[PDB]
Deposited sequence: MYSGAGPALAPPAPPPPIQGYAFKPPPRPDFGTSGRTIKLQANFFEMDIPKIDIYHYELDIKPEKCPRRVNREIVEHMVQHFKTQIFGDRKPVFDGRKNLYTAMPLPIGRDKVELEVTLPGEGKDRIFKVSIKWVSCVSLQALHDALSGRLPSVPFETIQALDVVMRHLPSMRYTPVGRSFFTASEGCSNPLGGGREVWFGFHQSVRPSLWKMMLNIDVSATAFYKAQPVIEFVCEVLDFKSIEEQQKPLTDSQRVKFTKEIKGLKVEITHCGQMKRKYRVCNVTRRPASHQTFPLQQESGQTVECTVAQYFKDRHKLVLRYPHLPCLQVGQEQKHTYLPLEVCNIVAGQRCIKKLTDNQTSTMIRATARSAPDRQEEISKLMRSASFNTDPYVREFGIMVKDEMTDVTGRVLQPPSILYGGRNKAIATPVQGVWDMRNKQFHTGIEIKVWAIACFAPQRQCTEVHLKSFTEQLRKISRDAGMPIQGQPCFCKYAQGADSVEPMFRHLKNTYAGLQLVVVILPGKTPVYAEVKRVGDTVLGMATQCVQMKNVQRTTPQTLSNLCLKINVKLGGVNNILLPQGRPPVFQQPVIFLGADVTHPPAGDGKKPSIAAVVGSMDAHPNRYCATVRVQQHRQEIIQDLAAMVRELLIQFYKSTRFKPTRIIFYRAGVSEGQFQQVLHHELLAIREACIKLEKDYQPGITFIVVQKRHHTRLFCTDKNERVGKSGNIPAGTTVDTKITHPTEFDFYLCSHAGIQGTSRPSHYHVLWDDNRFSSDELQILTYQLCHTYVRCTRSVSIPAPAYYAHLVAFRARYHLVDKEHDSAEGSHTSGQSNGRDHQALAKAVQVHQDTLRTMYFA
């Protein structure tokens, strides 16, 4: 039924200079054997995943000769149990009773092992060979979890990651926090091998040491003898918050050991048993995190403990590939899996960054220095005659101050005359309001008093719903376009920092700031073209931005509100109806090429977002004007993945980060062959960072060649408003993120009546922006 699939890729890329890169991939030889599948029905399910792993280890170490023998399984810690060899258990569902011995009451786990399937590895063989259209994910998770279970004992796995132990090292941080610098282990398909994907993770952990030192260090009370007088109930309530939910165990029973469960306060387990453990006998076994409670400065320095440069990331993943030694891993090499520790050789395509045209008096050309360029006193295309405008500071009055607002305004108009704006005069009204209570009479006063008001400036303290109320009022009620600055960019200013604000408020009303070179433009630009971008984000968010003209700066935005915990677009018809009628109003020309975008989508949701975000635009385009179906170039970006690219022996080291140069498209040998995709990194040296941006283009209507698509997408990265810094993701996707957050705030002041009473967006703002 789901025949509305992404098309196969028509042609590989050949443009630009070809580079031989070293990706974040590790070559490995995968055999043709079939991995079997078994299910674990665990009773009870109140125990966590680590307790399940310990009990499965107990029944291999206790019932070796009956279920397994020398053939041994591999384990996914919640339900799944895979094995490369044929286990001697078969169809027989043994409801094995795990008997951990105890003080009278033994810990009884009722687990049943049942054969489910024999997973054919020839399916993934046909997948990476290119003769299958789509790569299966169940078999890629089986190949992932082949290499989990032996490192599951040494590194306690949560999510799809690993949490390393202190291999001869130590780390204190304070407040009961330590960093467990493991790694995000993954495997991704390719052409030749299903090469491994290792990225460092480096998260926090709540250690594996008993609760005496915990009450020594977390409550900062190392001795209770000095605290002779007891405190109030607050330490008891904090004890109830923190101590409950952390598993302890006994060690006062000789060789007989077991693991206990904590649900009451320390009143371990039920109150009807005879095993109660005070603070002097509790021992916490590893595997406990995510129930953390501390201030965020430890989180920030823990983020610093992960923040590593790209050559440092090369050395760290190379050290991890040496020290963990997955070829020396016993059950992995018993499973027929061996890896190649050496970094791969991948063939890529570095791109010439396109020369842009800015208009104005000179109309000369500026070229990017590997994805980055500055205007540097070069006038843009269409400046806008700003005559009357207003300031409505909705921060408290001490923050937005008068002489600093005057110097911000003056340096804004002076750098905007340097960049080519005819800003006429000071703003007429500079009012200093308080908050979300009284937003409406002064907005009515600004609408009725100053006729033809062009822009209103709003100053905000931070994340607060006076912003939410002013955005809802300004884009639904009466209709002035609201641009918002915080004082953190007003108090400290640099010419870049306010030049980019003047070019945000340039396009806020509407105008053209940049145009690509007609010689440098792809042949899509010889026809009219609509650049579209979607975003899914307390009801939830539907928000889509489309452009206005062939000159790629003028856009406009739509907002709707949808039900929560849903990441689909369902009201797309009204959105792109408004976008294409505003295109028709803007240029008197129906655009011929649709360039769709969406930022931040899950990898498994692609067929459903294809189903609801291209059939909806098709039933909208039959509703706008008859015999009008422009070709859609649907590009779905990812921006969060564990797949990196590293420079070839530092041949072209750029920046202090040491990452790869900008535009380095890689489609062969590490990207998925069988579908329509490419990697792209349009970045520079920032913070110490290794990254691409996976532009998995999900639909091309007329099936243009991907050589044109990648250079058009690189240009569209260099058609942002803030194109002064490399924006890495083409412009309507990031506009869509802004307008998505806008729809989010549009409904916070409060079935769907509260939603339906504040969605009637005004006609005086849908021609303008409310997001940049």
* Quick one: where does the model skip the deposited sequence? -> 1 to 19, 285 to 327, 600 to 607, 821 to 837
